[PDB]
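*Asks:* Have a look at this one.
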Amino acid sequence: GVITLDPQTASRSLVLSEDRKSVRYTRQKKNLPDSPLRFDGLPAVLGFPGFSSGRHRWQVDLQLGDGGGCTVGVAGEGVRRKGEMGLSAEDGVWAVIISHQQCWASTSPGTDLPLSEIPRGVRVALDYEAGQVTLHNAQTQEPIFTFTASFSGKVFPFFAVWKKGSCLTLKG
């Protein structure tokens, strides 16, 4: 199922590609119009569509710039869009944060992940009725994390990326 990046949610710190399948961080903010839906404080963007039911999978390839990082997972539709405050599963973000030496799951408090290696891609699997979000290393199949939750209403693919040279690209 085709997932794309939703420009109407994208932080001004994010440049979506013309095909809306990739996104890079920009130090110079884009002139995106103000909206209550738009991330402002975190360099984040939702996917489209969101999901109310069923099993869904997608893959995110990632490149990090110097001192860079990204966040890959899922977010409840009610996720706060405004402020610089880090989001966690309390805020309805179930994601892994990847940086050059250190990856962590967005539990509350956060879980440091002792991975064989830093991923260069992440496979996300949502099972809405099972209340599970599973993350694997897309290339090696190393398990990264499994979140267990009870979902109500729509759950969206969630992405964030930061520092120059950092970028994400969606695959099937």
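Letters A, B, ... mark the chains of the structure tokens in the order given; residue numbers begin at 1 per chain; ligand numbers begin at 1, in order shown.
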Tell me, as an MDAnalysis selection string, which residues lie within 12 Å of residue 34 in chain A, counting only C-alpha atoms; anything in the same chain fewer than 5 positions away does not count.

*Replies:* chainID A and resid 7:12 39:40 81:82

*Asks:* Restricted to C-alpha atoms, what would the selected residues look like written as a PDB file, in the first residue's frame?

*Replies:*
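Generated output (out37.pdb):
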ATOM      1  CA  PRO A   7       3.262  18.057   2.961  1.00  0.00           C
ATOM      2  CA  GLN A   8       0.538  19.755   5.009  1.00  0.00           C
ATOM      3  CA  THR A   9       2.085  18.273   8.241  1.00  0.00           C
ATOM      4  CA  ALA A  10       5.762  18.765   7.348  1.00  0.00           C
ATOM      5  CA  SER A  11       7.911  21.027   9.541  1.00  0.00           C
ATOM      6  CA  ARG A  12       9.386  24.058   7.698  1.00  0.00           C
ATOM      7  CA  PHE A  39       4.926  20.255  13.057  1.00  0.00           C
ATOM      8  CA  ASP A  40       6.623  23.386  14.517  1.00  0.00           C
ATOM      9  CA  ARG A  81       2.356  19.287  16.501  1.00  0.00           C
ATOM     10  CA  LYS A  82       3.679  22.386  18.348  1.00  0.00           C
TER      11      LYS A  82
END

*Asks:* If you take only C-alpha atoms and a cut-off of 10 Å, which residues of range 136-169 of chain A touch range 45-64 of chain A, and what are their nearest atom pairs and distances in Å to one decimal, in chain and number order, as CSV?

*Replies:*
residue,atom,partner,partner_atom,distance
A:136,CA,A:59,CA,9.4
A:137,CA,A:59,CA,9.4
A:138,CA,A:59,CA,6.9
A:139,CA,A:61,CA,9.5
A:151,CA,A:52,CA,8.4
A:152,CA,A:52,CA,7.6
A:153,CA,A:52,CA,5.7
A:154,CA,A:52,CA,4.7
A:155,CA,A:51,CA,5.2
A:156,CA,A:50,CA,4.3
A:157,CA,A:47,CA,4.7
A:158,CA,A:46,CA,4.8
A:159,CA,A:45,CA,5.5
A:160,CA,A:45,CA,6.3
A:161,CA,A:64,CA,8.2
A:162,CA,A:64,CA,8.0
A:163,CA,A:64,CA,7.7
A:164,CA,A:64,CA,8.2
A:165,CA,A:64,CA,6.0
A:166,CA,A:64,CA,4.1
A:167,CA,A:63,CA,5.3
A:168,CA,A:62,CA,4.6
A:169,CA,A:61,CA,5.2

*Asks:* Limited to N, CA, C and O atoms, could you put the picked residues into a file as a tab-separated table (two decimals), in the first residue's frame?

*Replies:*
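Final output, result-v3.tsv:
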chain	number	residue	atom	x	y	z
A	136	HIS	N	12.38	-3.55	12.52
A	136	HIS	CA	13.57	-4.36	12.15
A	136	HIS	C	14.52	-3.56	11.30
A	136	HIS	O	14.06	-2.65	10.59
A	137	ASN	N	15.79	-3.93	11.38
A	137	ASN	CA	16.83	-3.52	10.43
A	137	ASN	C	16.43	-4.08	9.06
A	137	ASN	O	16.35	-5.33	8.95
A	138	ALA	N	16.16	-3.18	8.10
A	138	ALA	CA	15.59	-3.52	6.77
A	138	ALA	C	16.54	-4.44	6.01
A	138	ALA	O	16.06	-5.21	5.14
A	139	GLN	N	17.84	-4.30	6.24
A	139	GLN	CA	18.89	-4.95	5.43
A	139	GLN	C	19.27	-6.29	6.08
A	139	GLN	O	19.36	-7.26	5.33
A	151	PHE	N	-4.65	0.82	20.45
A	151	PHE	CA	-4.90	1.97	19.58
A	151	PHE	C	-6.39	2.28	19.57
A	151	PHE	O	-7.25	1.36	19.57
A	152	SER	N	-6.69	3.57	19.52
A	152	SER	CA	-8.03	4.06	19.16
A	152	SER	C	-7.89	5.26	18.22
A	152	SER	O	-6.91	5.99	18.34
A	153	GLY	N	-8.71	5.28	17.20
A	153	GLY	CA	-8.64	6.23	16.09
A	153	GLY	C	-7.44	5.95	15.19
A	153	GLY	O	-6.88	4.83	15.22
A	154	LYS	N	-7.09	6.91	14.36
A	154	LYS	CA	-6.15	6.71	13.26
A	154	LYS	C	-4.71	6.77	13.76
A	154	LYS	O	-4.38	7.59	14.64
A	155	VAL	N	-3.91	5.85	13.27
A	155	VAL	CA	-2.44	5.81	13.51
A	155	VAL	C	-1.71	6.09	12.19
A	155	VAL	O	-2.08	5.50	11.17
A	156	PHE	N	-0.76	6.99	12.20
A	156	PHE	CA	-0.06	7.46	10.98
A	156	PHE	C	1.40	7.05	11.03
A	156	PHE	O	2.02	7.03	12.10
A	157	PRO	N	2.00	6.68	9.89
A	157	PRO	CA	3.46	6.68	9.79
A	157	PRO	C	4.02	8.03	10.30
A	157	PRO	O	3.45	9.08	9.96
A	158	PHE	N	5.11	7.97	11.06
A	158	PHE	CA	5.75	9.13	11.69
A	158	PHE	C	7.19	9.14	11.27
A	158	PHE	O	7.89	8.11	11.40
A	159	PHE	N	7.68	10.30	10.93
A	159	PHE	CA	9.10	10.47	10.51
A	159	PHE	C	9.63	11.77	11.11
A	159	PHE	O	8.91	12.78	11.09
A	160	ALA	N	10.90	11.80	11.47
A	160	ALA	CA	11.59	13.07	11.73
A	160	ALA	C	13.04	12.88	11.33
A	160	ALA	O	13.53	11.75	11.40
A	161	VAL	N	13.70	13.95	10.96
A	161	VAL	CA	15.11	13.90	10.51
A	161	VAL	C	15.78	15.24	10.80
A	161	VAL	O	15.13	16.28	10.65
A	162	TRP	N	17.05	15.22	11.23
A	162	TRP	CA	17.71	16.48	11.64
A	162	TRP	C	19.18	16.48	11.33
A	162	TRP	O	19.81	15.38	11.29
A	163	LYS	N	19.65	17.70	11.05
A	163	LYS	CA	21.00	18.11	10.59
A	163	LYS	C	21.13	17.96	9.08
A	163	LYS	O	20.64	16.96	8.47
A	164	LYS	N	21.90	18.87	8.52
A	164	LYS	CA	22.27	18.87	7.10
A	164	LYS	C	22.91	17.52	6.74
A	164	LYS	O	23.83	17.06	7.46
A	165	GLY	N	22.48	16.97	5.60
A	165	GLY	CA	22.93	15.65	5.12
A	165	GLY	C	22.05	14.53	5.56
A	165	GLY	O	22.15	13.49	4.95
A	166	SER	N	21.15	14.75	6.50
A	166	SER	CA	20.19	13.74	6.98
A	166	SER	C	18.98	13.66	6.04
A	166	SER	O	18.47	14.71	5.59
A	167	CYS	N	18.56	12.44	5.67
A	167	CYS	CA	17.39	12.29	4.78
A	167	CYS	C	16.82	10.90	4.88
A	167	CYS	O	17.50	9.99	5.43
A	168	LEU	N	15.55	10.80	4.58
A	168	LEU	CA	14.79	9.55	4.65
A	168	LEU	C	14.14	9.30	3.28
A	168	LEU	O	13.70	10.28	2.68
A	169	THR	N	14.02	8.05	2.87
A	169	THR	CA	13.35	7.65	1.62
A	169	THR	C	12.47	6.45	1.88
A	169	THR	O	12.96	5.45	2.44

*Asks:* Report, in Å with one decimal, the straight-line distance from CA of residue 107 in chain A to CA of residue 134 in chain A.

*Replies:*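 CA of residue 134 in chain A lies 13.3 Å from CA of residue 107 in chain A.
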
*Asks:* One decimal, Å: what's the distance from CA of residue 124 in chain A over to CA of residue 170 in chain A, could you say?

*Replies:*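 For CA of residue 124 in chain A relative to CA of residue 170 in chain A, the distance reads 10.8 Å.
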
*Asks:* Can you pull out the residues contacting residue 114 in chain A? Cut-off 9 Å, using only C-alpha atoms, and skip same-chain residues under 4 positions away; I want them as a ChimeraX atom specification.

*Replies:* /A:102-104,144

*Asks:* Keeping only N, CA, C and O atoms, write the selected residues as a PDB file, in the first residue's frame.

*Replies:*
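Here's the written file part_30.pdb:
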ATOM      1  N   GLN A 102      24.049   5.596  18.683  1.00  0.00           N
ATOM      2  CA  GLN A 102      23.032   5.286  19.737  1.00  0.00           C
ATOM      3  C   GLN A 102      21.628   5.407  19.189  1.00  0.00           C
ATOM      4  O   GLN A 102      21.216   6.559  18.827  1.00  0.00           O
ATOM      5  N   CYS A 103      20.889   4.324  19.368  1.00  0.00           N
ATOM      6  CA  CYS A 103      19.493   4.159  18.979  1.00  0.00           C
ATOM      7  C   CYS A 103      18.659   3.920  20.227  1.00  0.00           C
ATOM      8  O   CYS A 103      19.199   3.313  21.181  1.00  0.00           O
ATOM      9  N   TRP A 104      17.472   4.467  20.264  1.00  0.00           N
ATOM     10  CA  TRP A 104      16.597   4.265  21.437  1.00  0.00           C
ATOM     11  C   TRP A 104      15.154   4.199  21.016  1.00  0.00           C
ATOM     12  O   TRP A 104      14.792   4.726  19.939  1.00  0.00           O
ATOM     13  N   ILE A 144      14.680  -4.712  16.072  1.00  0.00           N
ATOM     14  CA  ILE A 144      15.055  -3.428  16.739  1.00  0.00           C
ATOM     15  C   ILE A 144      14.198  -3.273  18.005  1.00  0.00           C
ATOM     16  O   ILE A 144      14.755  -3.130  19.097  1.00  0.00           O
TER      17      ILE A 144
END

*Asks:* In Å, with one decimal, what is the gap from CA of residue 172 in chain A to CA of residue 65 in chain A?

*Replies:* 24.1 Å

*Asks:* With only C-alpha atoms as the basis for distance, which of A:28, A:108, A:140, A:132 is at the shortest distance from residue 120 in chain A?

*Replies:*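 Residue with the minimum atom-to-atom distance to residue 120 in chain A: A:140.
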
*Asks:* Closest to residue 121 in chain A among A:4, A:106, A:141, A:148, using only C-alpha atoms?

*Replies:* A:141

*Asks:* Using DSSP on the backbone, list every residue of range 4-157 of chain A that comes out as strand (DSSP E), and give them as a PyMOL selection string.

*Replies:* chain A and resi 4-5+14-16+22-25+44-48+55-63+69-76+93-99+103-105+111-113+121-127+132-137+143-148+155-157

*Asks:* I'd like the neighbourhood of range 98-101 of chain A as a ChimeraX atom specification, where a residue qualifies if any of its atoms comes within 8 Å (using only C-alpha atoms), though same-chain residues fewer than 6 positions away should be ignored.

*Replies:* /A:64,67-71,118-119

*Asks:* Can I get the selection written as a short mmCIF file (atom, residue, chain, number, x, y, z; two decimals), in the first residue's frame, with C-alpha atoms?

*Replies:*
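Final output, again.cif:
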data_model
loop_
_atom_site.label_atom_id
_atom_site.label_comp_id
_atom_site.auth_asym_id
_atom_site.auth_seq_id
_atom_site.Cartn_x
_atom_site.Cartn_y
_atom_site.Cartn_z
CA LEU A 64 22.51 10.83 8.65
CA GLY A 67 25.61 14.93 14.42
CA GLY A 68 22.37 13.91 12.72
CA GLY A 69 19.50 11.68 13.65
CA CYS A 70 16.10 10.47 12.64
CA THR A 71 12.97 9.05 14.14
CA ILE A 118 23.20 1.13 13.46
CA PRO A 119 20.48 0.51 10.79
#
